[PDB]
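As structure tokens, one chain now follows by itself in the form deposited in one PDB entry.
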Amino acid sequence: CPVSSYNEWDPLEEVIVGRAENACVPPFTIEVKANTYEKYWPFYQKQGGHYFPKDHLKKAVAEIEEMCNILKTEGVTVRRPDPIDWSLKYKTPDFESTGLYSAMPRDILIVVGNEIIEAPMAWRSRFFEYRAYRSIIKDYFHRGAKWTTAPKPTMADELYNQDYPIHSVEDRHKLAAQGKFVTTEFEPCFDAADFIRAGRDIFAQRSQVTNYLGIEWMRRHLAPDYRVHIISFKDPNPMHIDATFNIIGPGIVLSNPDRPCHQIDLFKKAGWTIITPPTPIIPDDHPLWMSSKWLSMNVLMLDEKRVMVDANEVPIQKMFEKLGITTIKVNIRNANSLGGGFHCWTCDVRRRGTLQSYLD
């Protein structure tokens, strides 16, 4: 079976790497505003519907092609989504929108065992993102893999809190602590990147794009073989868990010092090593349209002792080296601007290993 991955660290054999081509700035709607820093709100307001800066995209394209060359050198088979113009305006009976990109396979695809799952998504500009990946998925399906598409939401107004009182990220953090997010519990929705795998146990967070119904759908669909746990953090990342709590080995996890886990004691009791990475050194003047500087810890493990890490982030490279983990440095400074690091730009399709429990 070409598809087989139970965790984030077993020896990597095949991976899907996103594309930066034709990425479009999403219209500035309520859910986009709730998942981005205010510094960029006017950019979205103005550039909405247009391509991200083409000079910047060209650099990202170059960085990602090099990343793929390195992956191939490290013995990994690389598949890429189909090139698509994301500027096309589509219209469902519930809304109309232009697209985003197919830069982050981690946001839409998650592999659990021999099954590839397409997440529903929660942004109107990402409704048809799955189209870029169908050629690959059908190929794996023809080769024996299980293929699942979680229920696609209508993304009607009822799914969003149109009047979400966010005027700054600080407001968002407070609302979030109150259990208030831009997405309601109207219908299931989730981004696959809000889930992180550790064999029989999968961890998820309720975020601005992943609601409890979405998590419950995953929990119910995967039981009894897998257990989906809900964890939460202080001042959480609006969307996606991999730059907050990145599991890098059996019983080893990188925990973002700025977003501590409320359930950290569950992990300590299981005898897990919680590593807090050093701060990112990325320039504050560098544009990060989505996500934050913590992309430095959004690493991808080639195996337990080999990590693909940002070439510029020396301090975290040192941390890994002191732990006896070989650093494969790759520069994706411009690709970072699109909202992701190594874990985000990929979806591990096949890792060599079996299903096991690490929480004991």
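So that there is no doubt, residue numbering starts at 1 and follows the sequence shown.
Beyond what is shown, the protein has a form deposited with a small molecule bound; the following relates to that form.
Shown without its partner, this chain lists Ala243, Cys189, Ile110, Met218 as candidates; in the entry with it bound, only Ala243 has a non-hydrogen atom within 4.5 angstroms of the small molecule. This chain is drawn without the small molecule; in the entry with it bound, the residue among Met239, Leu254, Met155, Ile116 with a heavy atom within 4.5 Å of it is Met239.
In plain terms, the part of the chain that comes close to the small molecule in the entry with it bound, with a heavy atom within 4.5 Å, is 287-295 out of 51-59, 287-295, 316-324, 26-34. Residue contact check for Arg259: one or more of its heavy atoms lie within 4.5 Å of the small molecule in the entry with it bound.
In the entry with it bound, the small molecule sits within 4.5 Å of a heavy atom of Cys344.
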